[PDB]
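Enquirer: to kick things off, part of the complex as it is:
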Amino acid sequence: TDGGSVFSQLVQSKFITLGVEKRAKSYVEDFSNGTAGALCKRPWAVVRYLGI
Amino acid sequence: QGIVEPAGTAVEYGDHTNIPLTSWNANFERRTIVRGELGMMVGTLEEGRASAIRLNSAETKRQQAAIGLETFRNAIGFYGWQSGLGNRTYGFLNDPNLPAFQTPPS
Amino acid sequence: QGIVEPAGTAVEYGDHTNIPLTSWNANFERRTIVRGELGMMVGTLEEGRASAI
């Protein structure tokens, strides 16, 4: 029922700004991201060679 | 994601013969989401001293935060994340259900 | 001339965990300038004889 999609990459977000905290003589920033790896729905359509 | 997997086989015909039947069996597959983080911190005196060489310390550290996250994501695509421990993330070159390498003629 | 050489690595996310940080470290390189010289000398008699040819 779905499409072919032999290979695909599952990505939730690429760049997230968590927040900034200011101190007396410095300040801190944070960042985050998320991913889920790769999916192989049809492994019978892939051929791989270790030699070259 | 899910699978269908039908089943069934035929026999020769007969008037009083029993009736063969068909069936199916559905399965499901799962993948896990992985999160990463990275931060930065700048001091007052170091920021002023770094400006003497026409270099912005705050901006330089900010860019490295984004690049480090992209290196993390890129590596996860090629190689799975803690697949040996039991995490179901997998990668381009580390998926267990793959045809496995062969050798070329030449 | 100057170099930048950034640094930094990422860790997994956590609500109450510590925050990793990044850094950088610069360096410089130098080159040396070299000068040379060359001159000439002309005599009174040799100048006249040179014009013969």
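Expert: Done, it's in. Numbering: from 1, shown residues only, chains lettered A, B, ... in the order given.

Enquirer: do you know how far the closest residue to residue B:29 other than its chain neighbours is from residue B:9?
Expert: Nearest in space to residue B:29, with sequence neighbours left out and distances taken as C-beta to C-beta, 6 or more residues apart in numbering or on different chains, is residue B:1 at 5.0 Å. Bear in mind the C-beta positions are built from the backbone N, C-alpha and C, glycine included. Distance check for residue B:1 against residue B:9: by C-beta to C-beta, to the nearest Å, it reads 27 Å.

Enquirer: quick one: which of those two has more around it?
Expert: residue B:1 (11 against 7; other C-beta atoms under 10 Å in any protein chain shown).

Enquirer: can you get me a residue count around the residue of chain B found nearest chain A?
Expert: Closest approach of chain B to chain A (C-beta to the nearest C-beta) occurs at residue B:101, with a separation of 3.5 Å. As a burial measure, the neighbour count of residue B:101 was computed by other C-beta under 10 Å and equals 10.

Enquirer: give me the number of residues near the nearest residue to it once chain neighbours are set aside?
Expert: Counting by C-beta to C-beta, 6+ apart, residue B:101 lies nearest to residue A:50, which is 3.5 Å off, once chain neighbours are set aside. Using other C-beta under 10 Å as the criterion, residue A:50 is surrounded by 9 other residues.

Enquirer: list the contacts for residue A:50?
Expert: Residues counted as contacts of residue A:50 (C-beta atoms under 8 Å, 6 or more residues apart in numbering or on different chains) are B:101, B:102, B:103.

Enquirer: swap the cut-off to 10 Å and go again
Expert: B:100, B:101, B:102, B:103, B:104 (C-beta atoms under 10 Å, 6 or more residues apart in numbering or on different chains).

Enquirer: how about residue B:10?
Expert: Residues counted as contacts of residue B:10 (C-beta under 10 Å, 6+ apart) are B:20, B:22.

Enquirer: throw chain D onto that model:
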Amino acid sequence: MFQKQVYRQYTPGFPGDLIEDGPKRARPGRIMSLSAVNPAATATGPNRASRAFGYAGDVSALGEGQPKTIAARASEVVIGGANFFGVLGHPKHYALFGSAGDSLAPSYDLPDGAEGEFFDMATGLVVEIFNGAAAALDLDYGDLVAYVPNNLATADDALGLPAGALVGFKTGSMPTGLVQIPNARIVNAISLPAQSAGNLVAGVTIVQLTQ
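Expert: Time to bring in chain D:
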């Protein structure tokens, strides 16, 4: 785990599914946990489909006062059993119910207190068969079958076997401690490799003629 190989034909069927149509008998029942067995169970296992079950008791009283209300006829069963009460089947009837490590995982197990369908007479039933004596065995068309009791002695159970697994055997030789299901035939030939303790081969799916 996704299809990693393309075959010329599909599989004939799956264990617990009826494969031929004919005379048939089945009754409902409820499952007892093994812990409730009074003399304790020497052989243990999960409430897996395509395995024998044994009668436990009657739970139709449904009341505690002097006048009781018997509004239904019900029976309850145990996985091992010594009083045969059919074989669990028809996986399409039940639900996954989840697994200990994570839900959405393949499993034929069923939680305690659930309701299942147990077959006494069946023209064709695909089951998972086991082997005894830790030796290579060929079944052929017409051998017999037996199932492991709850109270099987540990001397007769050197190979770790489930509580209610089905074991096929030749007419001449049968393992020392087992209960034979009367009037059951192999129907479909099959070959099984050699076995060892802790490394029992699961066998191959096989058709059955329960009665």
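
Enquirer: back to the contacts of residue B:10, now that we've got chain D?
Expert: Residue B:10 makes contacts with B:20, B:22, D:12, as judged by C-beta under 10 Å, 6+ apart.

Enquirer: repeat the analysis, applying 7 Å as the threshold.
Expert: residue B:20 (C-beta atoms under 7 Å, 6 or more residues apart in numbering or on different chains).

Enquirer: tell me which element it is part of?
Expert: Assigned by DSSP states H and E, residue B:10 belongs to no helix or strand.

Enquirer: how about chain D, which residue sits the furthest from its center?
Expert: Relative to the C-alpha centroid of chain D, counting by C-alpha atoms, centre = their mean, residue D:66 is the outermost residue, at 39.2 Å.

Enquirer: how far away is that one from chain C?
Expert: The span separating residue D:66 from chain C equals 60 Å under the rule C-beta to the nearest C-beta, to the nearest Å.

Enquirer: same thing with residue B:15?
Expert: Shown here: residue B:15 relative to chain C, a distance of 68 Å by C-beta to the nearest C-beta.

Enquirer: what residues does stretch D:167-179 touch?
Expert: Stretch D:167-179 is touched from outside by D:82, D:129-133, D:139, D:143-149, D:152-153, D:156, D:186, with contacts defined as C-beta under 7 Å, 6+ apart.

Enquirer: buried residues, that stretch. List them.
Expert: Neighbour-count burial for stretch D:167-179, counted by 16 or more other C-beta atoms under 10 Å in any protein chain shown, picks out D:167, D:168, D:169, D:175, D:178, D:179.

Enquirer: with just CA atoms, put the longest strand along chain B into CSV.
Expert: Secondary structure assigned by DSSP state E gives strand B:34-43 as the longest strand of chain B. As requested, the backbone C-alpha atoms of strand B:34-43 are provided in CSV (Å, rounded to 0.1, in the frame of the first residue of the first chain):
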residue,chain,number,x,y,z
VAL,B,34,18.1,9.6,19.8
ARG,B,35,18.6,13.2,21.1
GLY,B,36,21.9,15.1,21.5
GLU,B,37,22.9,18.4,23.1
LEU,B,38,25.8,20.8,23.1
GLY,B,39,26.4,24.2,24.8
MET,B,40,28.9,27.0,25.2
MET,B,41,30.0,29.6,27.8
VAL,B,42,31.9,32.9,27.5
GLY,B,43,33.7,35.0,30.2
